[PDB]
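Undergrad: Before I ask anything, let me first share the structure, which is written out below as structure tokens.
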Amino acid sequence: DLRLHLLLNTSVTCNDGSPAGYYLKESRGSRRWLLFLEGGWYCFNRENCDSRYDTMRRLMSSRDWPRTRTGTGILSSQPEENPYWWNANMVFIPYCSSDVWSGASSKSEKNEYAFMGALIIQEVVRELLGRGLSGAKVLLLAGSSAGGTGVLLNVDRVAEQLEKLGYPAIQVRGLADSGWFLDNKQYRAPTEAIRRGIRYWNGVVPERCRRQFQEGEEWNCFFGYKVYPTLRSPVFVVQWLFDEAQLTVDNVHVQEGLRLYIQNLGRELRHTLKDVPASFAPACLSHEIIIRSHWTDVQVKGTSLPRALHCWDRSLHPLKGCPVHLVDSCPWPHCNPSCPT
Ligand SMILES: Cc1ccc(CN(C)Cc2ccccc2)o1
Ligand SMILES: *[C@@H]1O[C@H](CO)[C@@H](O)[C@H](O)[C@H]1NC(C)=O
């Protein structure tokens, strides 16, 4: 199991002012570190954050967190469950900031809630350097859903943090799972909700992307195909072609009109990944995968996701029989027989 540590700097807080934290299982024979960002949507004004505090409070507060968590999927220490990185040092960072890991605002006389996701990541990294991270060869920042978008927003800032602190030898990389969305036309909106969120959170985006889109337009950097070309750290993108959260925001729940909509969505997502050299994108209706225990089951062109990630590792030392770019071409959900049931 992974053991809970609340942050020693208690000014870095969850939404309600309680300390943020992380779950850790050390592997003293390994110089690889996996830091995973939890997901779970977000809230963008006082009224909908109040609702979330009533019935999704573990995503806003550490008051009720358990002392341990079992590592699953890519966070498992068993080679049978995790062929990729079973011997790595494992970290799970709970999502308690409701800001897609972008915020830098404290609770105050003028703010009912604190939104400190970007600062939580920074503080976890700093405290881990005293526990063994200082000796690392590779730090893989991973995440699912809102945490997958969080990887895209934060991987280059972690790389800059470690450089400025005097650790140029640690290679920082990103793994974004189910966080690559389209700002597309709905079947019957994310952009306006994210625009309001950034102002409510004092949200921050990567510097090069901010400089392209400029003031008032930072919401663009929450969309994978717009922020990814601005990033310097290596990033592997995992994305279902028919993501259930994408379909929810598109108001989709089969006649000709809906058939054409769904096929066009799959084609648009394929297009945005054409020039992403490390990626895994199966033609399935699902959401998240990398901390699911049966993440080993799905394959594209005969290659599993743990295998693709291992091939990525080798590429960062094309490879015969070890591909890193894997995108399905068939045009309908479950045209891949290995899709989750
Ligand atoms: C279960 C879950 C957590 C987060 C999400 C994705 N959801 C579309 C939120 C989002 C993320 C990034 C950008 C815009 C919106 O699903
Ligand atoms: C705690 O975190 C805050 C916000 O990031 C920072 O301003 C402060 O310097 C930190 N305290 C210490 C002792 O590092």
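Swiss-Prot numbering applies to chain A: residues 88-275, 286-350, 356-419, 428-451, in that order.
Per the header of the entry, the method used was X-ray crystallography, 1.5 Å.
Just so you know, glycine gets a Cβ as well, placed from its N, Cα and C.
As annotated in Swiss-Prot:
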CARBOHYD  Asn96  N-linked glycosylation site
ACT_SITE  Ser232  active site, charge relay system
ACT_SITE  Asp340  active site, charge relay system
ACT_SITE  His389  active site, charge relay system
Undergrad: For the recorded positions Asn96, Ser232, which Cβ has the most other Cβ atoms within 10 Å, all shown protein chains included?
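TA: Of the recorded positions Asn96, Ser232, the most buried by Cβ count within 10 Å is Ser232.
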Undergrad: Using a 6 Å cut-off on Cβ distance, which of the active-site residues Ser232, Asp340, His389 come close to any atom of ligand 2?
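TA: Among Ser232, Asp340, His389, near ligand 2: none.
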Undergrad: Which recorded positions from the list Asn96, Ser232, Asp340 come close to ligand 1, meaning a Cβ under 6 Å from one of its atoms?
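TA: Checked recorded positions vs ligand 1; flagged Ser232.
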Undergrad: Counting other Cβ atoms within 10 Å, pick out the least crowded of the active-site residues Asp340, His389.
TA: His389
Undergrad: Of the recorded positions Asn96, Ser232, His389, which one has its Cα closest to the Cα of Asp340 (active site, charge relay system)?
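TA: Its closest listed neighbour, by Cα, is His389.
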Undergrad: Spanning 8 missing residues, the endpoints are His419 and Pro428. What is the Cα distance in Å?
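TA: Flanking Cα atoms, separation 12 Å.
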Undergrad: Round to a whole number and give the Cα-to-Cα distance in Å for the pair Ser232 (active site, charge relay system) and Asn96 (N-linked glycosylation site).
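TA: Between the alpha carbons of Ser232 (active site, charge relay system) and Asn96 (N-linked glycosylation site) there are 27 Å.
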Undergrad: In DSSP terms, helix, strand or coil for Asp340 (active site, charge relay system)?
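TA: Looking at the DSSP assignment, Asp340 (active site, charge relay system) belongs to a strand.
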Undergrad: Between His350 and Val356 there is a gap of 5 missing residues, so what is the CA distance across it in angstrom, to the nearest whole number?
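TA: Both gap-flanking Cα atoms are 10 Å from one another.
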